[PDB]
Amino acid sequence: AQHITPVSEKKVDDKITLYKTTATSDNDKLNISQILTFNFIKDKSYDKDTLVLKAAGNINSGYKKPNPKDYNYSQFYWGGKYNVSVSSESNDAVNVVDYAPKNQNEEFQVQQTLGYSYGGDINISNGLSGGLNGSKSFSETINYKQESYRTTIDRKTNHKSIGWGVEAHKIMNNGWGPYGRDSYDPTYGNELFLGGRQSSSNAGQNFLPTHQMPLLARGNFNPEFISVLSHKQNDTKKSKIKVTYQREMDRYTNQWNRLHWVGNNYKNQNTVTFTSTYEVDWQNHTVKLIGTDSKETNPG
């Protein structure tokens, strides 16, 4: 159910006007949804258009509970890492100039408020504030849960692109750990989601139960990221923005070796990607969905 809202114009103050449009793009099979808020800013004091683009929506983990009847070997897939990127293309007058979060973050809840001030300055504050009808300045917020995970900014990031990774980082298993995607014990392997080393249960029932796993590992990730792009007002061409949501699905396994159990986590055994490409009209402050691309490296 693709949809783009009509442009809404709001005068922020005597110099600044906001033109807001939200675009939604989904892939029901992959359970990935992109909710993109395009906040176009026109500033009488400054010779560039600014776009504060908020990327929200949903990326399912792809987790499915293992079969409880799996006897001595079992496994499941889970959300090892979520990747989100925004890139500009088809117009050299457009550049990525700021973004949030700016820095590596392992807080359980990422909450920031990004503001615009005349002349193109961007400000950032921790926590959630503003964005009200009476607010005399423009702001937009990011708010997302990532307990046990860590946000990092992609290297690839430059003047045409910004990307983030939200990766399983410090996961506790009944007081033991923290474990990660590549933890190692010489006897027991990676105990990340192992139930018990000597359990008499079936393999399918010898994993850390679902509700004790991180929400991002077995449920969904609800991304909220901001990309700030500038566009020279001497340019009158449209441009394109490509937004990519991706999950790396890890395969966690257990096995009974006759003496004890062994766990292992296999990183990124299935990569699932959904990309939407929008045509941006900087004069009219409107967007149009060009296309979408969906991929799954190892479907099962």
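The numbering used is simple: start at 1 and walk along the sequence shown.
- The mean C-alpha temperature factor is higher for 127 to 135 when 127 to 135 and 218 to 226 are set side by side.
- Of the two segments, 247 to 255 and 269 to 277, the one listed with the higher mean B-factor is 269 to 277 (C-alpha atoms only).
- As recorded in the PDB entry, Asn67 shows the highest C-alpha B-factor of the residues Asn67, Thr37, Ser45, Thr50.
- Within the selection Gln111, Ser161, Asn83, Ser74, the deposited Cα B-factor values reach their highest point at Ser161.
- In the PDB entry, a CA B factor belonging to the middle third of its chain's modelled residues is recorded for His231.
- Ranked within its chain, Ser61 lands in the lowest third, by CA B factor from the PDB record.
- Residue-level temperature factors show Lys288 in the highest third of its chain, judged at the C-alpha atom.
- In the PDB entry, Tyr184 places in the highest third of its chain by CA B-factor.
- Sort the chain's modelled residues by C-alpha temperature factor and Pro178 lands in the highest third, per the entry.
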